[PDB]
Ligand SMILES: [Ca+2]
Ligand SMILES: [Ca+2]
Ligand SMILES: [Ca+2]
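Residue numbers (PDB author numbering), protein chains in the order written: chain A, 2 to 269; chain C, 1 to 255, 261 to 269; chain B, 1 to 269.
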């Protein structure tokens, strides 16, 4: 890849937003590469989870404003946004639809599209040095990157509306209180903690994960009876899968099902 | 009488006790059949104003009764049992959500898998300080169910729903309360009585009004504002037409419904 | 003009004041029509940037105006009345949610039944430490309405929505804030002023952008991500096309940075 950092180890496909000089804003090319990378992860039997993080001390500053053409008129501007907006779309959608759990490791500021990415991921943790901001209004653009889908689904309509309208910066503590992030860790221990959490996610049963993830997205909008129908189909498939019997055996042999799949350290 | 569950009717409350204490109150097929019947019966009963679901002893419900799974019939034997069992979990969960009575979940201890499902499907939930919640699905190796794909996010939001399930983390009362999973937490020793009082109060409150609110809440989550108001309006109209209305008004003109103690 | 509500347009804010303080600011049929009218007018006024709904005195709104219900005409009379007033509660509530302007609910005191509905239908909500919230329906013997089956769970989650309704408990500011029912709480004596500045800040902010966000938030709650992004993109494209865009971009590149949020909500208590 030439615009993103990418590495697969320990069952984790790690995608790094890398444009640190410009606060990890996402270029059109980079977005194409993240999506490709998400496609490849889903196709890799050796990948159990995906982790998205930023290079250095920023997560992602959102739209790459420095690539917008300024010498071609409104047209040039409209044209650029049609293309970049399509890639923000492709990528955000892939994060939500990919058949792998995605951990957003928020190591610094997440603005605009950056916040969009954080909201689209399955799990999210951040460094105590991280921060979140809508930023759309500041730059005079209508909000996107599925913020009309994700934000309210996580924080409720009221907080979603306030954050977008006030445009204020949300800090770790509050982000955690809001459900935006599950846990916060000292900056210095952040990377290590996050990689370990990703390895666990990767080691846990992908099949079950995917069933949970797809159902969560779909179920939000379905009535109970349709929900159960789809869940039951998953149940039947899961107990037919070779993974099951051995777990039952263990349970019957005294091993408790409250054993965690992923251990999230307390953090701060 | 029932053979796999505890069941009492007192002070307008139909108390359903999940009773398989030696096995942590896991729900057997038979039991689920009984629970559902009990729910139907309560709704058919003019004397019943509310339903209470609770577990026997110190456990709420450990979920799927795994000791009921046949091991001498191969994979198909397993599969066939789940089809039946899952159908029953389904009939029960749906009923809790659709029954025309308020349903109080009195979480007296551990709620795992289907036990958590029950907790989430209920109208109101309170737990003892000794209770805890765990998905279990991802460790026991079974795809999630018991409408967790419906109720969990509606309660705690998508992020927390996904986290809980994925990590298989155990949620203790203080966080469960902060999350909204339970409304109040009470000391283990005072628990049953607090719960009984709350239930008696719900039973006493106007059933028709409760049903209207219950049904609307479920439906409205998914409807546009204009459709929600048409349904609410129909409810208002019917309500001011009901005998209960006038007396309330005059009393108002002339000069809480359920008291949830603060707990811990 | 208006004879049943307080109203003004100043500093870009259309301020609607619920005014029936002897009666705790309950809403009469006539005031409801006026509130709806004023919302319509705000939306058509180039001079208005935001709307603020507040109560006169020490109450926000006690809901349905009970003293309007005909006791002399039996059942059909009572019902006929409810038919009309419910319609107006409805037209009003709908408008708050659909109006093309950000609406701030400045809850200066008690919000009961329909008053609670108004506060839930608004886009932003802040309250005085002296305020309180209560469903009240279950007590007066009426089915819940005013879009509570829409707004409440969207805000506080389904469990807390259910709870509040069923217990008919009174929610105080600290808890309402914890729940997300209100964003901030301010000392009673400071309230009016804080709220008025928040409204002015909301009005000064770019309405076009505000509207886009508001419409997508309501719509998107019920739509799949692919459908959400398509509508979002339509707004992105219209927004960078609009004259306001370029100046913001240039400034960013130039090194200009905002000294504060578009809308500042002071910490409060
Ligand atoms: Ca995995
Ligand atoms: Ca009742
Ligand atoms: Ca404005």
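Here a beta-carbon is modelled for each residue, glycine too, at the ideal position from N, C-alpha and C.
| Item | Value |
| --- | --- |
| First through last residue of the beta strand (DSSP E) which encompasses residue 61(C) | 59-61 |
| Where the beta strand (DSSP E) containing residue 105(A) begins and where it ends | 103-107 |
| Cβ-based contacts, 8 angstroms cut-off: residues of the stretch 43-66 of chain A near chain B | 66 |
| Burial state of residue 145(A), where buried means 16 or more other Cβ atoms lie within 10 Å | buried |
| Proximity test, residue 141(A) beta-carbon vs ligand 3 heavy atom, cut-off 6 angstroms | no |
| Secondary structure, beta strand (DSSP E): runs of 3+ residues fully inside the stretch 93-142 of chain A | 103-107, 110-112, 124-128, 132-134 |
| For residue 265(C), the three-state DSSP class (helix, strand or coil) | coil |
| Secondary structure of residue 49(B), DSSP reduced to three states | coil |
| C-alpha gap between residue 23(C) and residue 150(C), whole angstroms | 27 angstroms |
| Alpha-carbon spacing of residue 58(C) relative to residue 108(C), whole angstroms | 6 angstroms |
| Residue 136(C) to residue 85(C) span [Cα, whole Å] | 17 angstroms |
| Start-end ranges of the beta strand (DSSP E) lying completely within the stretch 5-56 of chain C, minimum 3 residues | 5-10, 13-18, 50-55 |
| Whole-angstrom distance between residue 209(A) and residue 242(A), CA atom to CA atom | 10 angstroms |
| Spatial distance of residue 48(C) from residue 35(C) (CA atoms) | 15 angstroms |
| Unbroken alpha helix (DSSP H) run spanning residue 161(B), endpoints | 148-167 |
| Residue-level contact to chain B via CB, residue 166(A), 7 angstroms cutoff | yes |
| Integer Cβ distance of residue 171(B) from residue 132(B), believed to fall under 8 angstroms | 7 angstroms |
| Within-7 angstroms CB hit, residue 216(B) to chain A | yes |
| Coil, strand or helix - residue 182(B) by DSSP | coil |
| Exposure of residue 71(A), with buried meaning 16 or more beta-carbon neighbours within 10 Å | exposed |
| Neighbour list for residue 92(A) in chain B, Cβ cutoff strictly below 9 angstroms | By Cβ distance, chain B contributes nothing, its closest Cβ being about 11 angstroms from residue 92(A), past 9 angstroms. |
| CB contact check: residue 138(C) to chain A, cutoff 7 angstroms | yes |
| Closer than 8 angstroms at the beta carbon, the chain C residues around residue 123(A) | 162, 166 |
| Cβ distance (whole Å) where residue 166(A) is taken to contact residue 66(B) below 8 angstroms | Rounded, the Cβ-Cβ distance is 35 angstroms, inconsistent with contact. |
| Closest Cα partner of residue 247(B) within the set 220(A), 75(A), 212(A), 256(A) | 75(A) |
| Member of 33(A), 42(A), 207(A) whose CA lies at the smallest distance from the CA of residue 10(A) | 42(A) |
| Nearest-angstrom Cα separation, counted from residue 55(C) out to residue 60(B) | 44 angstroms |
| Inter-stretch contact at 8 angstroms, needing at least 3 Cβ pairs: the stretch 89-108 of chain B / the stretch 176-191 of chain C | no |
| Residue nearest to residue 309(B) in terms of C-alpha spacing, selected from 51(B), 77(B), 169(B) | Missing from the structure shown is residue 309(B); chain B here goes from 1 to 269 and no further. |
| Contacts of residue 262(A) in chain C (Cβ-Cβ under 8 angstroms) | 138, 139, 166, 167, 168 |
| Near ligand 3: residue 49(B) beta-carbon under 6 angstroms from a heavy atom | yes |
| Residues bridged to residue 252(A) [DSSP beta-bridge criterion] | Bridge partners of residue 252(A): none, in fact. |
| Residue 203(B): CB within 6 angstroms of a non-hydrogen atom of ligand 3 | yes |
| Neighbour flag for residue 212(B) against chain C, beta carbons, 7 angstroms | no |
| Heavy atom of ligand 2 within 6 angstroms of residue 167(B) beta-carbon | no |
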